[PDB]
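# Chains, contacts and geometry: an overview
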Amino acid sequence: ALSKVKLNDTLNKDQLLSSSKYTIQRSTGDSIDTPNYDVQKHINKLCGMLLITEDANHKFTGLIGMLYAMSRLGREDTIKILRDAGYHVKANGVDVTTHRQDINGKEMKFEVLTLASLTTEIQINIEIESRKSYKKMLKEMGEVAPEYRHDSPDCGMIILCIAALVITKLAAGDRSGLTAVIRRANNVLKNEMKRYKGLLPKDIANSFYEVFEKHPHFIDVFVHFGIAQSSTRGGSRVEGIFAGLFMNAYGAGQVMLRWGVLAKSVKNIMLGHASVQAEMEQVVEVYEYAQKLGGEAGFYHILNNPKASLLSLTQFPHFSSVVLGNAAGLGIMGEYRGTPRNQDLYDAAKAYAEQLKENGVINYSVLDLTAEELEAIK
Amino acid sequence: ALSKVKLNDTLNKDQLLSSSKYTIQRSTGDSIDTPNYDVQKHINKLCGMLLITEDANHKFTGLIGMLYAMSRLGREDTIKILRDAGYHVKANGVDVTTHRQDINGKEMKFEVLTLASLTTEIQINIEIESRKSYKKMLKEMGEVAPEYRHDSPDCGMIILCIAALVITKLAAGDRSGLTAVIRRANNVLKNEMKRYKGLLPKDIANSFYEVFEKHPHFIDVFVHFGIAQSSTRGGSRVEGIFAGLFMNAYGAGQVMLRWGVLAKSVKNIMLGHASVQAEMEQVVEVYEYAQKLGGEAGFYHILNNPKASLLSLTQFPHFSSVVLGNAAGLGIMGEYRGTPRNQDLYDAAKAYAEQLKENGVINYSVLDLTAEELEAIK
Amino acid sequence: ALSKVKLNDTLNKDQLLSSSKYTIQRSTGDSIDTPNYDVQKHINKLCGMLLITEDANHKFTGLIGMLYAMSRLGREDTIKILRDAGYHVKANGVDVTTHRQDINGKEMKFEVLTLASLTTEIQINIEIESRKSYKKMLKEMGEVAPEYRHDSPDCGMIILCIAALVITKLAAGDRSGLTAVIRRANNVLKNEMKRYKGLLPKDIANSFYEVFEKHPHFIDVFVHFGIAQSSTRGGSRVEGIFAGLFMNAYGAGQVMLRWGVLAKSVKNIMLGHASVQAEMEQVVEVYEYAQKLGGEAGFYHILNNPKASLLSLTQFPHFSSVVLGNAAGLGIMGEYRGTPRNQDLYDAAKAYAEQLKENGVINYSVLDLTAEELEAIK
Amino acid sequence: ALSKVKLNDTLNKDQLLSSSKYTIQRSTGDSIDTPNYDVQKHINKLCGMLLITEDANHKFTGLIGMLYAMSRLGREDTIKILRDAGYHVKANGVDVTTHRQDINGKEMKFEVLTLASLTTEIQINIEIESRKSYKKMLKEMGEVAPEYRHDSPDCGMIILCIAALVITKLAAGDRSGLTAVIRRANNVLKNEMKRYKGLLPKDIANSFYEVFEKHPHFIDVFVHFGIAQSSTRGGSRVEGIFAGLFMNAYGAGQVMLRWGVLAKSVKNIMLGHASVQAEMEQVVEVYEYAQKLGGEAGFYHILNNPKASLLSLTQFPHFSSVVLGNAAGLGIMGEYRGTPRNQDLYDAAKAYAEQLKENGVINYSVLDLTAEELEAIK
Amino acid sequence: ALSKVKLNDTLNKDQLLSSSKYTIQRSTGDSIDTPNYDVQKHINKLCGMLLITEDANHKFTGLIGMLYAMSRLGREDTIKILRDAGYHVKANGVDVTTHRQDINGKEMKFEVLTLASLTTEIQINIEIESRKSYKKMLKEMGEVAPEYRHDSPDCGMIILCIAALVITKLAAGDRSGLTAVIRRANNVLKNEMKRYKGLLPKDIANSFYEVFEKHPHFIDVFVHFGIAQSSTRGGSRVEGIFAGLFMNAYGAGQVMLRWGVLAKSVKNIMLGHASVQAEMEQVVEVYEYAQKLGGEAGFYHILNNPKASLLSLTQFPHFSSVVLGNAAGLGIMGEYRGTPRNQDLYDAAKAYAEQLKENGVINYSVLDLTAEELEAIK
RNA sequence: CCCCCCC
RNA sequence: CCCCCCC
RNA sequence: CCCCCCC
RNA sequence: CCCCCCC
RNA sequence: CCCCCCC
């Protein structure tokens, strides 16, 4: 009768997108440099060498960080990643070489890695300014500690920690989260800031921004690396920091869904409004779709996965405005530059939410007591 | 046995129509160029010179955009798409040559793309006008940033984004959606309109009208390119914009089905009328057919698919009238030049719907709160 | 006992007709010209010169439209269709030559098509008339647009759209649908009558009437061409008009089945009559036979298929009369020249249907309205 | 126990008749002309000559019609049909020759058909009569249309339409259906009798009576021609008329079976009498036998099929009397001369049937009037 | 487990009578005349000469009719039939010779038959009496039509139609059915008695009793002849009369089984008695044996087949008693002289049967009927 | 015979 | 014929 | 279009 | 004996 | 012992 009149739209859009039998493959360019497990030691060394040298031009650092992440991923692993992401890449293998260069009269040996995008001379320079920083440190503080040196196995993870902050703030995608990444990199990694003096949140964040914006496939590489890291059994304290930071990106850009479930929990009065009970059916449909997506349903906005718009509650202006007003009333909404599309419900829900947090009676159903001892205390 | 006197008309039309044992093949003309994955880079560059050029003559941009879509699909992929759409073409290979022409006394060498429907001289004119605009740009502000030049990896998707707007607004089919395309293309892509001084929504939209009118195979190529494009697990911000614009087209020409679902949701009164319960059987059949189609049933009016008419609610004058009246009452029509077929139901349902949008009681049964203090609240 | 006195008569007749082991073959005449896919371009071009020509002699247009239909089907496809329909035709291949006629002193070269039922001088005269009309248009409006010319890929399908109208109205079998064809071809195809100045629906409809009456195999070629066309995935909007106009034919000459379903829907009282419950059993037999036939059961009257008379409800005077009376009551039948065979039931059912139409109380059982609160709001 | 005390008798007589190992073949006569598919055009033309001729000598038209039937079947198919029917006839091949006959002083060249049963001089007489009639029409009304003339592809099918009427009314087999053939051929074929001025239904009907009484094998040739004709997918309107008129014969001589099904459906009371329940088992075995036969169980009485009498309900005098009394009660038997064998049951069934026709209360349960509001209003 | 105890007795008597190893054979006597196909014409003319004659001496008409029967079957076929019936006869062939006997001074040419039991002079007397009768008839009315004379190809079949009546009524075997033969031969064959004034069914039927008792093998010749005739698909009206009149003889002598089925149909009560439920097993074995025989289960009593007596229900006095009592209750037992064996069951079943024929049963459940006022108001 | 309207 | 809106 | 906060 | 009407 | 009527 009137129960079969339903056009299941988001499920059908999902079925359309998943079941397209023609596959596109996007041209990256010439090739991507793909180290294996053996180059991981050298890449960690390079990251530490970046972090020990004072105020280096860290403009390349995002590239080295992506190299480290994909090197721990592995040759066949990153090739599988770029096959799954739909890209034509030829595996430009990475090997360890040694180049002797005569600088300032003295010719000495420095190890060199085979990179298409990164040249030998840049490595040799960053090496010489690293030596400069090392000698100045030996002059000032006498001796360098094993923790104060670039030999720690957590330098790459520190760089990718700042990258994880960047990728969390890349949900907006308009270079607005740079200040918040600065705040987070100042707050988190305090001890790394005090031990490694070469940590510059501004330069590292800007380099990661640029390498992510110019090279979209690197974002996918890093996202699956981050899911891989956040599944290992154990790790160092810095790897724990990175896992905790990257798990913040889960649910990036989907905050309307979380505020909706919160408005369900805090029981905003006007989720029973008529115009909201109108769209509650499609809201339930969206939430069930999010659950069915499950594990990755939080990384569809970090990646610009085109099934992300399937998880948007902005297409329901009544529900969107009531939930946004509810979140605003409880004060959770900060400078969230998201306008409501229904002013009346937004203002009314904001008023009730402002009212609610001030009041609040002791819920005796929650309390386990049978005899009111507080009344006895009274 | 009056329960068995039933005729299933849409299902039988579908079974007639998809189970034909004789097939036609409509010859296009001479041939269609089907570039392989190699020329994708040069096509991106061509779009880059298209957008960099000040006030460019974009009247040859629709062909280049469709060429980019064929490239990203791939040679065997686009040939498969045409052969499946019932079309004689021959696989016209695409390769890059160099043409040396002495122009204005000086001899310059250019990298030319060899195409049947696109000639060398107009490509050279594009390139030289790009050079002139590049010289002007460098003169006015000194240095061109990498973002400010033709080397961007997303000019093709920018042109295809204006194309997606055109494809969405071709449901009118009579060049009446140009104004809406202009508005949307100015609202969307503020950054790109601000950066590339040659982005004209009017010129590109008119070009895309022309290319989609003259060559009806291009529209199926583009729609299947859009469905395949919106499936890839990754993307940039501009491919994300393209997927977002495209998924607007899903359900083009079929707003009446979704407005019928809306009438079900808001529990409109005149869906219980007797002359509407007369049609509810076939309306349920149409909606069941739409669900059974599932995926592509949103792209049957963009593609001028002959199976589209089976998803029309104009054959139900009473149900169409009440649903359009409901849409009018809630004010969510706008214009929708389509007229109702039963003026009495339209006016009465519209009056009730306008009664809905101003009333609205906060249904407290929706909130599953056990607290009885709500009575004190109210 | 009296459960097995059931003479399955419609099913038995269908079994007798389908399971006959002797086949007839009917001779058509001299031959039928069956162009292959190659000549489609020039046949479309001929239709274009037909439509551009001012007030052209359209008495030779039906043959050209049918030739375009076989060209779109192809050589072996139309030969297979004629073989399956039981006709003796030999494949008169069609190819492109040049025949030069000296007219007005000058000797000109005209591209000519070699056919048996089409001469050469007819194509020459069509060409010269089109040239005169083209010159006249150039003189009047200065310049001719490509949409004002014969080269467009829509002229053939415009002619075939008028053919589809005529094929729908050919059910009456009396040349009575010429008025309806004119009205429909003026409502539909407004743009093309505004652009092409030679579209005369009267002359084209008359020529199509003539070509279908004097060559009966062209009707089967055309019906299976339409079924083949409306299966294609995509097309232009003129092929969209053709598909939409053609699928109006499905259910030509079987309106009584549809009105029987409708009279079941509106719950007309006299479907419970004793004299109608007598016939309900074999009526249900007809309906389940129609469903068993399924797809093509709508094109048995357009084709004069002998199995058409098995889908007639006029062999049930009580049920046919009550259904026609119900249809009259609701105003559906406008000028349906079909007398009811039981005047009492016809008039009584019409009276009850008229009681239905103006009355009708809004059922609140269909709507899941928990509280009928609007009653107090009234 | 006694669920297996049943002596199935109709099936036993069936196998007795069919499975007698003596198939004795009779001597027929000289031969039958069995033209192949190439004589079709000339026989069609000859039928046209007969039809356009003023008050034509139609006493040789029946042979022309049946010869057209064989020509449409084909030489080998008609030979196979005569072999299956069990006749000694040899394939007298038919070809076209030219006989130049000097008539009225002038010698003219004519197309003559070599037939043993149709000599040259009478064909020439018919042709000269056609010439006279054509000159008379041209002199009277100026110019005859090509539809008015002999070459139209359905003159033979007009002749065979009148043959089909005669075969329907040849159940009695004593030329007592000539009045019905005249009335039907006046009602049907109004346009054709308006145009072809030689159509005298009395004359053609009498000739077909004569040819089917002189040549019995023509009855089987024609019946299988009709069954083969009614199998074609499509055809002209005249072939549709012929097939629809042939379908009237299916069930010739077996009106009692269909009247019995009707008497079951109309729920006549006396089907529950004792003297009817005595024979309801044999009646249900006859109906089961008819259903088992299926397709050809309708064309047994037209043919002289030996198993004809097994499908008669007149051997059951009580059920026969009830069925025939019901049929006479409802008035559906106009002048059926068959008398009941049991008068009392006949009169009682007739009286109850007449009581049915005037009374009759609307069933409100079979009609799906679940809604008590609609139930109470009516 | 006690379904194991079934001693099947009728089937065992079957295989005992069939698989006997001592088969003692019988010599008929001298021989019998067995004409071939050629003597058919003269025997047919001779039967015509018998019929045309007024009050003709029919003492030899039975032998002449049987000679016509053998002549139509043939020579090898009648020999085969006599052999399979187990007879020792030699084929005394009969040929057409000419005998000139001078009568009353005039010598007349007559072509005559050499027959063992039919002399030359007797058939000469028949010829001359036919001539005298023709003389008288021509003098009295003047002119006689071709259907009124001896050359009719159906005079022999009129004789054999009376023979078919004889064969049906030959079950009693003691010339008791002569009045039924006369009545059936006056109802049937009224036209012939109007035409051929020699038809005395009393005389012909006495002749046929004489020829069937005097030559007991003529009964098998004739029965197989009739089964052969009723299988030829073509024949005139007299041959149709013979077929329909012969298949009356099927089931001769076995009315008891048919009336048992009939009593099962009325649902007579005394088939649930104890002393009938005892013998239901033997009754069902008899009925299954009858079904297993099938075809020839009907002509075992006309022929003197030794396996005849195994199909008698008189051996079950209680089931035979109830069946005969019932079929006397429903009236359909005429002068059947067979008294029942168990008078109590006979009378009780007859009383119940006569009680039934006053009241009507209800059979509504097969179709939808509310049946509250529909019942008892009928 | 069937068909018939509107779209 | 179908389509038509905003996004 | 979607996205925008805090950790 | 079978067939028989109207379409 | 089997058969037995009507069509």
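Conventions we followed
- Residues numbered from 1 in each chain as written, not as in the entry; some residues may be left out.
- Chains lettered and ligands numbered in written order.
- Heavy atoms only, no water.
- Pairing = 2+ DSSP bridges.
- Helix = DSSP H or I, 4+ residues; strand = E, 2+ residues; numbered from the N terminus.
- Least-squares fit on C-alpha atoms.
- Contact = heavy atoms within 4.5 Å.
- Near = heavy atom within 4 Å.
- Polar contact = N/O pair within 3.5 Å; in protein donor to acceptor, adjacent residues only side chain to side chain.
- Buried < 20%, exposed > 50% of the residue type's maximum accessible area, 1.4 Å probe, protein only.
- Salt bridge = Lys/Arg side-chain N within 4 Å of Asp/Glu carboxyl O.
- Nonpolar A, V, L, I, M, F, W, Y, C, P; charged D, E, K, R; others polar.
- Patch = residues over 30% accessible without salt bridge, like charges linked within 9 Å, V, L, I, M, F, W, Y side chains within 5 Å.
- Areas by Shrake-Rupley, 256 points an atom, 1.4 Å probe, with all protein chains shown as cover.
- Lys, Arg positive; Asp, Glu negative; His and termini not counted.
- Charge placed at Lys NZ, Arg CZ, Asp CG, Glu CD.
- Disulfide = S-S within 2.5 Å.
- Axes fitted to C-alpha atoms, helices over the stretch in contact; angles between N-to-C directions.
- Parallel < 35°, antiparallel > 145°, perpendicular 65-115°, else oblique.
- Left-handed = near helix turned anticlockwise from the far one by under 90°.
- Core = buried A, V, L, I, M, F, W, Y, C linked by side-chain atoms within 4.5 Å.
- Buried area = accessible area lost by both parts, 1.4 Å probe.
- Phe/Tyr/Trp six-rings, centres within 6.5 Å; stacked < 30°, edge-to-face > 60°.
- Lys NZ or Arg CZ within 6 Å of the ring centre and 35° of its normal.
- Domains from an automatic or database assignment.

### Concerning the pairing of strand 5 (residues 96-103) of chain A
Residue and element names in this part refer to chain A. As paired elements, strand 5 and strand 6 (residues 106-113) share eight bridges and run antiparallel to each other. Its bridge partner being in strand 6, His 99 is matched across the sheet by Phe 110. What sits between strand 5 and strand 6 in their antiparallel hairpin is a turn of two residues, with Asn 104 showing a positive phi close to 55°.

### Observations regarding the relation of the copies chain C and chain B
You can overlay chain C on chain B at an RMSD of 0.7 Å; the transform is a turn of 32° with a shift of 4.7 Å along its axis. The residues that chain C uses at the interface reappear at the interface of chain B in only 5% of cases, marking distinct surfaces.

### Quick look at the protein's contact with RNA strand I
Every one of the 26 residues lining RNA strand I counts as a neighbour, but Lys 169, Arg 183, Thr 314 and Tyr 336 of chain D together with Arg 184 of chain E are closest to it. With respect to RNA strand I, the side chain of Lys 169 of chain D contributes an N or O atom lying 2.8 Å from a phosphate oxygen. Looking at the surface near RNA strand I, the elements that each hand over two or more residues are helix 7 (178-187) of chain D together with helix 7 (178-187) and helix 11 (237-246) of chain E.

### Focus: unusual backbone geometry
Unlike most non-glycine residues, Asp 55 of chain A shows phi in positive territory, near 35°. Mapping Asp 55 of chain A onto the fold places it in the loop between helix 2 (40-52) and helix 3 (61-73). What makes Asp 55 of chain A partly exposed here is its relative accessible area of 49%. Not every positive phi belongs to a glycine, and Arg 175 of chain B is a case in point at roughly 60°. Among the structural elements, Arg 175 of chain B can be located in the loop between helix 6 (155-168) and helix 7 (178-187). The class of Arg 175 of chain B is partly exposed, set by a relative accessible area of 33%.

### Digging into the pattern of salt bridges
Proximity of charged atoms lets side chains of opposite charge pair with each other. All told, the structure shown has 65 salt bridges over all chains when counted by the stated rule. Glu 213 of chain C is the partner of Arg 175 of chain C in a salt bridge, and the nearest nitrogen-oxygen pair spans 3.9 Å. Of the two residues, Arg 175 of chain C is situated in the loop between helix 6 (155-169) and helix 7 (178-187) and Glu 213 of chain C in helix 9 (residues 201-214); the sequence distance between them amounts to 38 residues. Given the relative accessible area of 44%, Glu 213 of chain C is considered partly exposed. Across the pair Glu 239 of chain E and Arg 72 of chain E runs a salt bridge whose closest N-O atoms are separated by 3.5 Å. Placement of the pair is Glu 239 of chain E in helix 11 and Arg 72 of chain E in helix 3 (residues 61-73), with a sequence separation of 167 residues. Taken individually, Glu 239 of chain E and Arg 72 of chain E each receive the classification buried, so the pair is uniform in this respect. Through salt bridges that share partners, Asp 14, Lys 292 and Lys 307 of chain A make up one connected network.

### Focus on the protein's contact with RNA strand H
Neighbouring residues of RNA strand H: 24 residues in total, closest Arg 183, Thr 314, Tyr 336 and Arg 337 of chain A together with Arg 184 of chain B. Residue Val 255 of chain A places a main-chain N or O atom 3.4 Å away from a phosphate oxygen belonging to RNA strand H. Measuring from a sugar or linking oxygen of RNA strand H, one finds a side-chain N or O atom of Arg 184 of chain B at 2.7 Å. Elements represented by at least two residues in the surface near RNA strand H include exactly helix 12 (255-266) of chain A together with helix 7 and helix 11 (237-249) of chain B. Ranked by the residues each element gives to the surface near RNA strand H, the list is headed by helix 11 of chain B, at three residues. When the residues that make up the surface near RNA strand H are grouped by side-chain class, the tally is eight nonpolar, eleven polar and five charged.

### So, a negative patch on the surface
Residues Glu 54, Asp 55, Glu 129 and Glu 140 of chain B make up a contiguous surface patch of negative charge. Take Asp 55 of chain B: its relative accessible area is 54%, and that puts it in the exposed class.

### Quick look at the environment of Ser 236 of chain C
Tracing the sequence through the fold places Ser 236 of chain C in the loop between helix 10 (217-229) and helix 11 (237-246). Residue class for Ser 236 of chain C comes out buried when judged on its relative accessible area of 11%. Through-space distance from the C-alpha of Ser 236 of chain C to that of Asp 154 of chain C is 8.2 Å; in sequence the pair is 82 residues apart. Discounting residues that sit within four places of it in the chain, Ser 236 of chain C has contacts with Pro 216 and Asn 304 of chain B together with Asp 154 of chain C.

### Some remarks on the state of the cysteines
Evaluated as defined, the whole model comprises zero disulfides over all chains. Looking at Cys 47 of chain C, it has no disulfide partner, and the nearest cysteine sulfur is the one in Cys 155 of chain C, 7.5 Å off.

### Considering the packing of helix 14 (residues 317-329) of chain A against helix 15 (residues 343-358) of chain A
The packing of two helices is summarised by the inter-axis angle and the distance between the axes. All names here are of chain A. Direction vectors running N to C along helix 14 and helix 15 enclose 30°, while the axes themselves pass 7 Å from each other. Our classification of the angle between helix 14 and helix 15 gives roughly parallel. Handedness of the crossing formed by helix 14 with helix 15: right-handed. Contacts between helix 14 and helix 15 pair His 318, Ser 321, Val 322, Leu 324, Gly 325, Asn 326, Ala 328 and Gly 329 from the former with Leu 345, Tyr 346, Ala 349, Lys 350, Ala 353, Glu 354 and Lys 357 from the latter.

### Focus: the nonpolar core
Membership of the largest hydrophobic core comes to 107 residues, with the highest contact counts inside it found for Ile 167, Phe 212, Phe 222, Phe 246 and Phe 299 of chain E. It is helix 6 (residues 155-169) of chain E that contributes the most residues to this core, twelve residues altogether. When sequence neighbours within four positions are dropped, the list of residues in contact with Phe 299 of chain E reads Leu 16 of chain D together with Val 223, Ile 227, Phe 246, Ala 249 and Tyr 250 of chain E.

### Let's talk about the interface of chain C and chain B
Taken together, the 59 residues of chain C in the interface contact 52 residues of chain B. Among the residues of chain C in contact with chain B, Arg 233, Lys 264 and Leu 367 of chain C are the three that bury the most area, contributing 14% of the side total. The residue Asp 9 of chain B makes a salt bridge to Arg 258 of chain C at a minimum N-O spacing of 3.1 Å. Seen at the junction of chain C and chain B, the total is 21 residue pairs in polar contact. Among the elements of the structure, helix 2 (40-52), helix 3 (62-73), helix 4 (75-85), helix 10, helix 11, helix 12 (255-265), helix 14 (280-293) and helix 17 (374-377) of chain C are those that each provide at least two residues to the side of chain C that touches chain B. Ranked by the residues each element gives to the side of chain C that touches chain B, the list is headed by helix 14 of chain C, at six residues. Class assignment for the residues of the side of chain C that touches chain B results in 28 nonpolar, 18 polar and 13 charged.

### Brief notes about the side chain of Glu 285 of chain E
Residues and elements named next belong to chain E. Residue position: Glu 285 is located in helix 14 (residues 280-293). Look at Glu 285: it is buried, it has no salt bridge, and the nearest opposite charge is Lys 13 at 7.3 Å. Contact partners of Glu 285, with chain neighbours within four places excluded, come to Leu 7, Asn 8, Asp 9 and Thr 10.

### A short note on the packing of aromatic side chains
Per the stated rule, a full pass over the model turns up 50 aromatic pairs over all chains. With 5.4 Å between their ring centres and 85° between their planes, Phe 222 of chain A and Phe 246 of chain A make a pair best called edge-to-face. Linking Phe 222 of chain A in helix 10 (residues 216-229) with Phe 246 of chain A in helix 11 (residues 237-246), this pair joins segments that are 24 residues apart in sequence. Residues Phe 222 of chain A and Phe 246 of chain A agree in their burial class; the two are buried. Centroid distance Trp 259 of chain A to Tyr 336 of chain A: 5.0 Å. Interplanar angle 65°. Geometry classified as edge-to-face. In this pair, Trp 259 of chain A sits in helix 12 while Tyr 336 of chain A sits in the loop between helix 14 and helix 15, placing the two residues 77 residues apart along the sequence. The exposure class of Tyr 336 of chain A is partly exposed, given its relative accessible area of 31%. Site record: aromatic cluster; members linked through ring pairs are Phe 208, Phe 212, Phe 222, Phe 225, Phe 242, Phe 246, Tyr 250 and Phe 299 of chain A. Geometry around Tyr 87 of chain D places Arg 26 of chain D over its ring, the cationic atom sitting 4.8 Å from the centre.

### Brief notes about the domain arrangement of chain A
All names here are of chain A. Parsing chain A into structural domains produces domain 1 (26-246) and domain 2 (255-358). The interface is formed by nine residues belonging to domain 1 together with four residues belonging to domain 2. Carbon and sulfur atoms make up 79% of the surface buried where domain 1 meets domain 2, a total of about 570 Å² over both sides. Inspection of the region where domain 1 meets domain 2 yields zero salt bridges. The interface formed by domain 1 and domain 2 holds zero residue pairs in polar contact in total. Mapped onto the side of domain 1 that touches domain 2, the elements with two or more residues apiece are helix 6 (155-169) and helix 10.

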